[PDB]
Every structure is written in C-alpha cells, then in structure tokens.
C-alpha cells in the first residue's frame, strides 16, 4: 500500500496570507514564534504577515537567525528562542532553510530527547506531533510547506542529513505569490529548476505510482510553462510557479526523488552551494544517465515542456526532454558547469562517495555505482 501525507489545510493564490489570522483564531493559538531570516525581515516580507497579525491582536515573537543550508547550530539557537518565547505554535516564513529549521524546532520542542539534532536523522522515532506549524513559502520553491522531509547541515561532519517524520507536517500552508515577487530573477530561476527537479525526479522515482505520476506531470507542465515569464517578472507566471512548486511537493514528499538531490547535497555541505543551482546544473546530466530506465515518461516530459513529440521515436523524445532542460537552464541564466559555482575537481571522489551514501539516491530509477557518480560530476564540471 502507498501512503500520502498532505497538508490538512492549504490556502492558494495572491492574498492567501490574508487567511492566517482567522486560521489562528479558529485554532485558539495564543502566541507564534515566526522562524525566518534577516533578508525577509529586511525586505519587508515578514511584515506582510506581522502587520496583519498586529491588526488582529495576535501575539508573535521572531527568530531571524536561519542561514541558507541551516546548520545544527541554527536549529539549537531557534530551539532556545522557542522554549523561552512561550509560543504555542510556529509560523515558517521563508524558503527551504527557515521551513526545515521550523520543522526541526517544532519536533524537538515536543520531543525534547532529540535536542542534539543528529538523532532526528532518518525515520525519526518521535512519539509526539510537532508543535503546530503554519508554513508560508517565499521561494518557488522547495515545497517544504507540504513535505515530511527536512535537511540539516552537520558542519563538523561536512554532510547534509535528511529527517523524515509525518509528525513534522505543517497544519496549514499559505501559498501566496505576493510573498515571492521580491525574489531576484536568479533566485526565481534557481528555485524554479529546483521545483522542476523535484517534479522530474518524482515522476521517474522507483516508488512512483498513479497519483504521484498525475501530480508530478501536472507540476512539470505548470513549471515549464511559467518559469521563463516569472524570471522576466510576469505576475500571473509568478502565481503559476507558486502552485507548480507545491503540486511537485504533494508527489515527491510521498515517493522520493533520485540522484540529482543525492549529488546536490554534498555540494551544499562542502561549499554551501544553493540547493536549486546545484540541482539545475546536475538535472539534465542525470536525466541523460537515467533515460533508459524511464519507460515512455521522457516523452510526457518533452510534450508538457512544449517539444513537438508527434512521430519522433522514443530515443529522440528522451533527448528532446534533456535538451528542453538545457535550453530552460540557459534561458533563465543558470550557469552551465559546476566549476562556475565554486566546485573543485579534487573533491569529486569524496563528493561521489557522499552522493552514493545519500538516502535520496535510493529513489534513482537506475542503480548508481561510485564510478558512475564520479563520471557524472566530471560531466557537469566543465566543457
């Protein structure tokens, strides 16, 4: 049997954070800890929420110490703030980094034996649900608001580790493009191809089944249709991306991804490479590696990405899907090589071992060896 964890309550569309004060009142919560970063405070994005909260007379404190690729230290700092704040719920405002941080705080806060943070890794044997989380994405996106995974950086060990826990699922997600319009184009592009990577790896993952297939192929269609326009600054394209990134989550959270996420995590841990950029560069190279274990599914990808696949045989359609992703990466200004974003040749053997041992690699529809991952990094390295 296949399990689906989803958000019990989700609000979709420009103005969706408009619903938050009434959700909080109907739930009887008394005080929020908002988990976010200095940038979203600075740019006035957190204020879009706190202004409404203040107008409704709802108490909030704020932790803004989250850094991209959130570390064990960030989780413990935020945990310390929550525990002294008196908060009875959490509001995650940000991308993956604040949202994963918020999941770790919420879990540890109702399961205090996990406050070392490392022991949460894998299928966390938590007894209690997370402190309730209201999740507000500001990137488009990691789909953190609807996934049961969160990823934390162990600095001492130089590795991103995955915590998977149904207890961490947010009680409400607010998917509101107003909260996303301030993303620089490069951030829209990087988080866009992240979303696309989720949808494409979810579509072809070992555990894929009819429902996740339907969700994933619709998310690829929405993302491929909207990203160029969103990066260009189109309003409706921004709103489409907010939805597409989410729908991808509904799928990949429940069945997994593959070697792209597997190979992107070591780059995060070694170099602090943004997750989306690492995914964007690796995606077409890994799709080429996977092509022969994906049945007719690349034909579907090619079609929804606007390639005329009528008549074109399966081998040509598989290549047109890989090329449509190369073309998207170029069109939205993602650098094409790992060397352009600070990766070192010398590190590839160690990166490849960490990629092979990454839990996300298990979902890849083609069995990867150390030497295959070594070769793949070398292919993404430089011309």
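Residue numbers count along the first chain shown, from 1.
- The PDB entry records a higher mean C-alpha B factor for 302-310 than for its counterpart among 194-202 and 302-310.
- Comparing 282-290 with 97-105, the higher mean C-alpha B-factor in the PDB entry belongs to 282-290.
- When all modelled residues of the chain are sorted by CA temperature factor, residue 342 is found within the highest third.
- The PDB entry assigns residue 273 a C-alpha temperature factor belonging to the middle third of its chain's modelled residues.
- Residue-level temperature factors show residue 369 in the highest third of its chain, judged at the C-alpha atom.
- The deposited CA B-factor of residue 165 belongs to the lowest third of values across its chain.
- Ranked by C-alpha B-factor against the other modelled residues of its chain, residue 57 falls in the highest third.
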